[PDB]
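Visitor: When you line the first sequence up against full-length UniProt numbering, it's residues 137 to 364, 385 to 397, 410 to 494, in that order.
We treat Cβ as the ideally placed atom computed from N, Cα and C, and that holds for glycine.
Take this structure first; my questions come after.
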Amino acid sequence: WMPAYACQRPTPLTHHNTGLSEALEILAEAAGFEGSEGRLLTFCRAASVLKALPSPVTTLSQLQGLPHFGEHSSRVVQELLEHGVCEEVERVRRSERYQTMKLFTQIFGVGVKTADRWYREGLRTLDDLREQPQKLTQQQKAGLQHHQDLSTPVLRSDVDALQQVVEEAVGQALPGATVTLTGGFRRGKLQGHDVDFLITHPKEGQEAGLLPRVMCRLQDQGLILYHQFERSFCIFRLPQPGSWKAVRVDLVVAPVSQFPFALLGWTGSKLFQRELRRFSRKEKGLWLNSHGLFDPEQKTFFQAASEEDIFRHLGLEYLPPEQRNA
DNA sequence: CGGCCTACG
DNA sequence: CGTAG
DNA sequence: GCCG
Ligand SMILES: [Mn+2]
Ligand SMILES: [Mn+2]
Ligand SMILES: [Mn+2]
Ligand code: NA
């Protein structure tokens, strides 16, 4: 009754197994810090299954037959049901390795591989990094300078103000171009780490060269604290009562022919899209990315005019963005 | 056992 | 290497 | 870590 792929089931933003899913996601995150993408995926998938259930898991028997629940994930749930805590999870939580890798990878410009190298060098704190700026890229310097603001959640009220300033710049750069909110806010989140926008133009080809023109205009308005094509990963100045704060903003351009694929990809969730691409390739023999959907036997691309088209071409029931919170 | 999403900057 | 969902 |  529970399909194996996250793109085969609705997953709402809020659900009935929050504590259980959180614990499994700690173990997933820890596996990622150790470079075990397979273990990360299984724990992420198990967590996602619980988010899709219609009511709370109260007894171990309710895990029977659920996909991605084997001995390990089942034992985590068992311990949480019986004692309210899982010793493995708590050991990860308090571990110096987990805490430091989490802190370092949160920095814009720092990935698992950099964080791990710094950890092995003995570094543990942000001030450790600041007192050695020669070891840092300009991207990492920006991420470290702005880390405090970037650690503060973006609110949906922030988002609407940002969208209007992006629209004004986009309108000067190319009249008729449009701006669509994507990412977690499109899935209904009330908060986020960043804001994602997708830009296109109704006349195919008119979007060529657009993003540099948009960025130059935002920079001239004094709004860009950091940036640097079709993707721009920025830090923006956002107004605040009597001051401002730094906010991560991603700007993406797509031709209108590819817009449904780009919208689908950039709306996420991350696990939803990995699962959708995995389903496409393994179950349907089609190759999906944010530009299109390729049939490698006919050597043809599927034209899509909507996200609904894409779900139909993959043989999946349509899920609105609010149900893609895998 | 092999596989685990698939891009761009 | 970083970034994205 | 789990599916197939
Ligand atoms: Mn986002
Ligand atoms: Mn983003
Ligand atoms: Mn993301
Ligand atoms: Na990072």
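With distances taken Cα to Cα, identify the nearest neighbour of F333 among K339, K325, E340, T316.
Guide: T316
Visitor: At a cut-off of 7 angstroms, would you count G436 as near ligand 3, judging by its Cβ distance to the nearest heavy atom?
Guide: yes
Visitor: Over the uninterrupted alpha helix (DSSP H) stretch that includes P348, give me the two end residues.
Guide: 346-356
Visitor: Is any heavy atom in ligand 2 found nearer than 7 angstroms to the beta carbon of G279?
Guide: no
Visitor: What does the alpha-carbon distance come out to for the pair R181 and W434?
Guide: 20 angstroms
Visitor: Please confirm if the stretch 236-244 is in contact with the stretch 214-222, defined as three or more CB-CB distances below 8 angstroms between the two stretches.
Guide: no
Visitor: In three-state terms, what does DSSP make of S411?
Guide: strand
Visitor: Would you say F244 touches ligand 4, meaning its beta carbon is less than 7 angstroms from a heavy atom?
Guide: Result yes, Cβ under 7 angstroms from ligand 4.
Visitor: To the nearest angstrom, how far is it from the Cα of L160 to the Cα of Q441?
Guide: Straight-line Cα distance between these residues: approximately 19 angstroms.
Visitor: Under the criterion of a Cβ to heavy atom distance below 7 angstroms, does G220 qualify as lining ligand 4?
Guide: no
Visitor: Mind checking which residues open and close the alpha helix (DSSP H) that includes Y234?
Guide: Boundaries of the alpha helix (DSSP H) harbouring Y234: 232-241, taken from the DSSP string.
Visitor: So, do the stretch 467-484 and the stretch 156-172 have three or more beta carbon pairs nearer to each other than 8 angstroms?
Guide: Touching, no, given that fewer than three Cβ pairs across the two stretches are closer than 8 angstroms.
Visitor: If you drop the 5 nearest sequence neighbours on each side, which residues of the same chain put their C-beta closer than 8 angstroms to that of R230?
Guide: Taken in chain order, the list of residues that qualify is empty.
Visitor: Secondary structure at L334, three-state DSSP: helix, strand or coil?
Guide: strand
Visitor: Quick check: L431 and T318, are their CB atoms within less than 8 angstroms of each other?
Guide: yes
Visitor: Got a sec: does ligand 2 put a non-hydrogen atom nearer than 7 angstroms to the Cβ of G247?
Guide: Result no, Cβ not under 7 angstroms from ligand 2.
Visitor: Hey, is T236 close to ligand 4, as in C-beta under 7 angstroms from one of its heavy atoms?
Guide: no
Visitor: Cβ of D294 versus every heavy atom of ligand 1: is any distance shorter than 7 angstroms?
Guide: Exclusion of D294 from the 7 angstroms shell around ligand 1 follows from its C-beta lying no nearer than that to any non-hydrogen atom of the ligand.
Visitor: For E257, is the classification buried or exposed, using 16 other Cβ atoms within 10 angstroms of its Cβ as the cut-off for buried?
Guide: exposed
Visitor: With distance defined between alpha-carbon atoms, name the residue in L265, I162, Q270 nearest to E223.
Guide: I162
Visitor: For ligand 1, is there any heavy atom lying closer than 7 angstroms to the beta carbon of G320?
Guide: Because some heavy atom of ligand 1 lies under 7 angstroms away, the Cβ of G320 counts as near it: yes.
Visitor: Within its chain, find whatever has a CB closer than 8 angstroms to the CB of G341; leave out the 5 residues flanking it on each side and keep chain order.
Guide: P423
Visitor: Out of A278, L196, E158, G307, point me to the one whose CA is closest to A414's CA.
Guide: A278
Visitor: Since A188 and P146 should fall inside the 8 angstroms C-beta cutoff, what is the C-beta to C-beta distance between them, to a whole number of angstroms?
Guide: 7 angstroms
Visitor: Within 10 angstroms of the Cβ of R322, are there 16 or more other Cβ atoms? Answer buried if so, exposed if not.
Guide: buried
Visitor: What residue range does the beta strand (DSSP E) around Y255 cover?
Guide: Note, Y255: premise wrong, no beta strand (DSSP E); alpha helix (DSSP H) at 248-256.
Visitor: Just verifying my parser: in three-state terms, what is the DSSP assignment at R181?
Guide: Helix.
Visitor: Does ligand 2 have a heavy atom nearer than 7 angstroms to the CB of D477?
Guide: no
Visitor: Name the DSSP bridge partner or partners of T435?
Guide: DSSP lists no partner for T435.
Visitor: Which residue from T314, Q426, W455, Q396 puts its Cα closest to that of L482?
Guide: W455
Visitor: If you measure from the CB of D418, is any heavy atom of ligand 2 nearer than 7 angstroms?
Guide: yes
Visitor: So, under 8 angstroms CB-CB, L199 and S191 are touching, yes? Tell me the CB distance rounded to an integer number of Å.
Guide: Going by Cβ atoms, the distance from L199 to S191 rounds to 13 angstroms, so no, they are not a contact pair.
Visitor: Give, in chain order, every unbroken run of the alpha helix (DSSP H) that is at least 4 residues long and sits entirely within the stretch 436-480.
Guide: 438-452
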